[PDB]
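Each remark here refers to the structure printed beneath this line.
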Protein chains: 2
Amino acid sequence: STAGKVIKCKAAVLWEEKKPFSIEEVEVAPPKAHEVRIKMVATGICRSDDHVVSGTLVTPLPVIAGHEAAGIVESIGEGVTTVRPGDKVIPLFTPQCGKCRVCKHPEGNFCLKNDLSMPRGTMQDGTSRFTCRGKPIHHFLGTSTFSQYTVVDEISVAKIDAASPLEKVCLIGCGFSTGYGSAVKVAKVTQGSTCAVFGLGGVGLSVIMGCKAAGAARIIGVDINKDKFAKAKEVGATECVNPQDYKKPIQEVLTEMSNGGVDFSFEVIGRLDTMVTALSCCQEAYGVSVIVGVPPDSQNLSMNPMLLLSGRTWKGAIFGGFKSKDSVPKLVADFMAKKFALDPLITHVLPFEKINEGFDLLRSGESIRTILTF
Amino acid sequence: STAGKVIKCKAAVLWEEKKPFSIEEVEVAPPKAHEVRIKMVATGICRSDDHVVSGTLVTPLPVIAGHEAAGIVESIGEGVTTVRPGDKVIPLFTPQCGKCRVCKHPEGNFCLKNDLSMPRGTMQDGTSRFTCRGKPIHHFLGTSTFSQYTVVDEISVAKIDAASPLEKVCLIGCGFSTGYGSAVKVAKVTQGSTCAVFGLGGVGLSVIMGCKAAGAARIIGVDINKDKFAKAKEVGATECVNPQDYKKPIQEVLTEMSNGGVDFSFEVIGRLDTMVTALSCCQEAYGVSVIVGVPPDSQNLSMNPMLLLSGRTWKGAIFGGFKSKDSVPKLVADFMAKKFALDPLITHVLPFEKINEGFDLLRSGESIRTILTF
Ligand SMILES: NC(=O)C1=CN([C@@H]2O[C@H](COP(=O)(O)OP(=O)(O)OC[C@H]3O[C@@H](n4cnc5c(N)ncnc54)[C@H](O)[C@@H]3O)[C@@H](O)[C@H]2O)C=CC1
Ligand SMILES: NC(=O)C1=CN([C@@H]2O[C@H](COP(=O)(O)OP(=O)(O)OC[C@H]3O[C@@H](n4cnc5c(N)ncnc54)[C@H](O)[C@@H]3O)[C@@H](O)[C@H]2O)C=CC1
Ligand SMILES: O=CNC1CCCCC1
Ligand SMILES: O=CNC1CCCCC1
Ligand SMILES: [Zn+2]
Ligand SMILES: [Zn+2]
C-alpha cells in the first residue's frame, strides 16, 4: 500500500548547528533503481551524530543524521537483488560497492563510493529523497536513520538474520563493530599483550571487548570521567586511569605501568592531543597505535617523527576495518550465537520522539548508548 | 705487539659543528671487559654522518663519527666470546644485547642499549676510549669508524665471513641493510605492487633494490636532483619524477600516476614536508608509508589525522628493522652467495685521508656512497 508512493513520516531534522533536532514531518520519495526504502525500527545515538551538531564533523545542512540503525525493507527499486520487502536490514555508512580497487583489496574497506571524504549529503546519484517544508534535505553518510523511513543505495544496506533483535543489533551498524574490529582486525591484538584504550564510551568499550577476545593480559582504560570505569572493568579492563589524577602526562604514566610502553594503544575520543599521547604510550620499537576517534574538521596535529623512526606503527580505520556488506551479516550471526554481548553498551532506551533527551544524556556523560525506538 | 697497550693512530676528529674533519693522531685505549678493539679496513660516508656536522643530528662533541664500516679484530677484552683477534667484523650502530624486551620481541630491533634516543657518546660503561691532544673525545652510536682503530662493546659488533670483501660489505653496516630491510621487512612490499621512493641516495637505492626483490611491478623514484635518475633505473625504478618539474604538489601527481595512490611509499631524505607528502601519496584505505630519513633535531611535523583514519599505515624504522647481530652475518653470507649487489651504490673510492673530499662529493650531489680505505 505504499510501494511506488511518497511516504509522509516523522524525522529528526537538523536545520543548523548547535541546535536541538526538530521532530517534524518529511516526505520520503520512493526508491529509484538500485535503491531500497527502509522502515526504521531502532537507531543508536553515536558521538559522530553529535559531531554533526557541534560542527566537529562537517557535512551539508540541513540534514537528517543517524547512521547506526536497523529496520525492515518497505520496498525496493528496479534491479535490487540483495534484499526484498520484509527483510531485516542494517544500513551501511561505509558502502561496499564490490567493484572499486578498495573493495577488491584483501585488507581495504573504505569503499571509494563513500560520502565521507568529499561530503555531498546525497544518494549515489547526487540527489536527495527527502523534502521538509517543501525544501530538499541532505542525507548523511548515505544512511540518514533519524527518520521513520529512509532510502539508501543498495551498496549501503545489508540483509541480516530474520530472527535478529533490531533494538540490539543496530549497534553492529557502527559502534560495536568499529571498536571490536579496531582491536581484532586493524591492530590484530595478540595473546598476552598489554593494551591501552583512550575513551570509554560505546566505541571504547567495544575495543575493550575485542582486546579481551584477542586474549590481552592487561587492558588499561583511560578516561577523564571516572564514572566510566566500572563498566569498562565489567567488559574486560584490568585497570583504569584518569589523566587528571596525575602530575605527569599520561603517556609517561602508561609507559611506567607497562615497563616501557604498551603493545597496542587506541585513541577512541577524537582529540588531536590524545592521538599523539596514545602513539607515544606504545612501546617505541614494536608498539602499534590505532586512531578511531574523529578529529575536529580540518585541524592538524603536531608530532615528532622520531616517535615513528624508532619502530612504532600508527594507523587508523573506519568501521573497524570491516568490509561492511560482507561483515555485518556475519557479525549479526555471531551475536545470535552469543559470541559477543551488546547489552553492556545499552544504558538507556527512549522513543524516537525523545531524541533530544537522548543527546542530552550523551552530552552529560551519563549514557553509553541510548537506543531510540520508532 | 699492540694488545693491552694504548694505540696511537690517525683519526678524523670533529671538534665542532660545521667544520671540516681534522685528520690527526689520537690515542685509543685497550678494550676493557666485554669490549673489542678493531683495526678499520673500509668505511662509508653516510648522510647521517653529515647530519652530525650540520647539526641536523645532535650528539656530544667533539666526536669521532663514522658508523658504516668493516675491519679486523686487533684484540678482545676479558669475557668476549663472539669474536676473536683476526676475525673480520662489522660494527653495529644499533646494538643487539639479546636480553632486553625489544631484543626478545620477534619484530623489534631497536635494542634498549642504543645510544640514539638519549645520546651520551660513550662506551656502554659511560666512558670514552679516545683521547686527542690530551682531551677526551666522544664515541658515535657505539661505533666511531672514522679512525684507524676503534673500540666497541661486544653487543655492538658482529663476526662475518673471513673471505668477505670489506671494501664492499661495509655498506651492510648501514645504508644497504637499512634501505633493503625497510622494503622487505618493515613495509613488506608485495608482489605486483606500486611503490614510491623519495630520495635516491645510497639508502633510497637500497629501498629500490628491496622493492624489486619483493616483486613490485612499479617503482617510482622521486628526487629533486635528476642526475640521480639513471642509477635509480639501473637498480629497478620503472619511472622517476622531479617535484621541481611540476606545478602541482607531488603527492597529487603520484596519486594520479598510480590511479588513486601507491601501495607503499618510503621517505628516504629527512624532511618533514616529504614525510607528510610520502604518507599522502599512498592509497588512503590500504596504503603503507615508511619513514627512513632522519628529521632535523627537535622539530615536529604537522599533519591531518584523517590521512590515517581512512586506513593508511605509517611506520618508521632503524636499520631496516633488522636485529643487528643476528642479521649482519646473514646479509654478508647472502652477498657472498650473489643474492644482491653492492657495486651500484659505490661511486667513489678514496683513501681515508681524503675524508673531507668525500663529504664534499656527498654534499655536491655527485656521489652515492664513497668508500674510504685505510
Ligand atoms: N573510526 C570510525 O569508524 C568511528 C569513529 N567514531 C568516533 O569515535 C569516538 C568515540 O565515539 P563514542 O564512543 O560514541 O563517544 P563517547 O563520547 O561516548 O566516548 C568518548 C569518551 O572519551 C572521554 N574523553 C573525552 N575527552 C577525554 C580526554 N581528554 N581524555 C580522556 N578521555 C576523554 C569521554 O569522557 C567519553 O567517555 C568519537 O570521536 C566518534 O565520532 C565512532 C564510530 C565510528
Ligand atoms: N632510519 C635509519 O636507520 C637510517 C636513516 N638514514 C637517513 O636516510 C636518509 C638518506 O640517507 P642517504 O641515502 O645516505 O642520503 P643522500 O643525501 O645520499 O640521499 C638523499 C637524497 O634526497 C634527495 N633530496 C633532498 N631533498 C629532496 C627533496 N625536497 N625532495 C626530493 N628529494 C630530495 C637528494 O637529492 C638525495 O639524492 C638521511 O636522512 C639519513 O640520515 C640513513 C641510514 C640509516
Ligand atoms: O560514526 C560513524 N562514522 C564516522 C566514521 C569516522 C569519520 C566520521 C564518520
Ligand atoms: O645512519 C645511521 N644511523 C641513524 C639511524 C636513524 C637516526 C640517526 C642515526
Ligand atoms: Zn567499493
Ligand atoms: Zn637489547
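Protein chains get the first letters and strands the later ones, always in sequence-line order, with residue 1 at the start of each. Note: hydrogens, waters and symmetry copies are ignored here, and every other heavy atom, side chains too, is used.
Counting non-hydrogen atoms of other residues, nucleotides and ligands closer than 6.0 Å to NZ of A:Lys113 gives a total of 12 or fewer. With a 6.0 Å radius and a threshold of 12 heavy atoms from other residues, nucleotides or ligands, A:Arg271 has its CZ atom at or below the threshold. Within a 6.0 Å sphere centred on NZ of B:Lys188, other residues, nucleotides and ligands contribute more than 12 heavy atoms. The environment of A:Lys330 atom NZ is sparse: at most 12 non-hydrogen atoms of other residues, nucleotides or ligands sit within 6.0 angstrom. Counted within 6.0 Å of NZ on A:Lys248, heavy atoms from surrounding residues, nucleotides or ligands total 12 or fewer; the atom is thus considered open.
Rounded to the nearest 0.5 angstrom, A:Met303 CE and B:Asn300 CG are separated by 8.0 Å. Considering OG of B:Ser302 and CD of A:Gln299, their distance stands at 10.5 Å, rounded to 0.5 Å. Within the model, atoms CG of A:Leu309 and CD of B:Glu267 stand 9.5 Å from one another, a figure rounded to the nearest 0.5 Å. In this structure, the separation between CD1 on B:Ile291 and CE on A:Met306 is 10.0 Å, given to the nearest 0.5 Å.
Taking both residues in full, the closest heavy atoms of A:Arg101 and B:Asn259 are given as NH1-O, 3.2 Å, listed atom of the first, atom of the second, then distance.
In this structure, chain B has no heavy atom under 4.5 Å from any part of A:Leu307. Contacts between A:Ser298 and chain B at a heavy-atom distance below 4.5 Å involve the backbone alone (N, CA, C, O). Contact annotation for B:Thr94: neither backbone nor side-chain heavy atoms come within less than 4.5 Å of a heavy atom of chain A. Using a 4.5 Å cut-off between heavy atoms, A:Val292 touches chain B through its backbone atoms (N, CA, C, O) alone.
The greatest number of non-hydrogen atom pairs below 4.5 Å with chain A, out of B:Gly287, B:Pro106, B:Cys111, B:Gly261, is found for B:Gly261. For the options A:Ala317, A:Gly260, A:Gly321, heavy-atom pairs under 4.5 Å to chain B are most numerous at A:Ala317. Considering only heavy-atom pairs separated by less than 4.5 Å from chain A, the leading option among B:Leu308, B:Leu272, B:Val186 is B:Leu308.
B:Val102 places none of its side-chain heavy atoms less than 4.5 Å from the side chain of A:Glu284.
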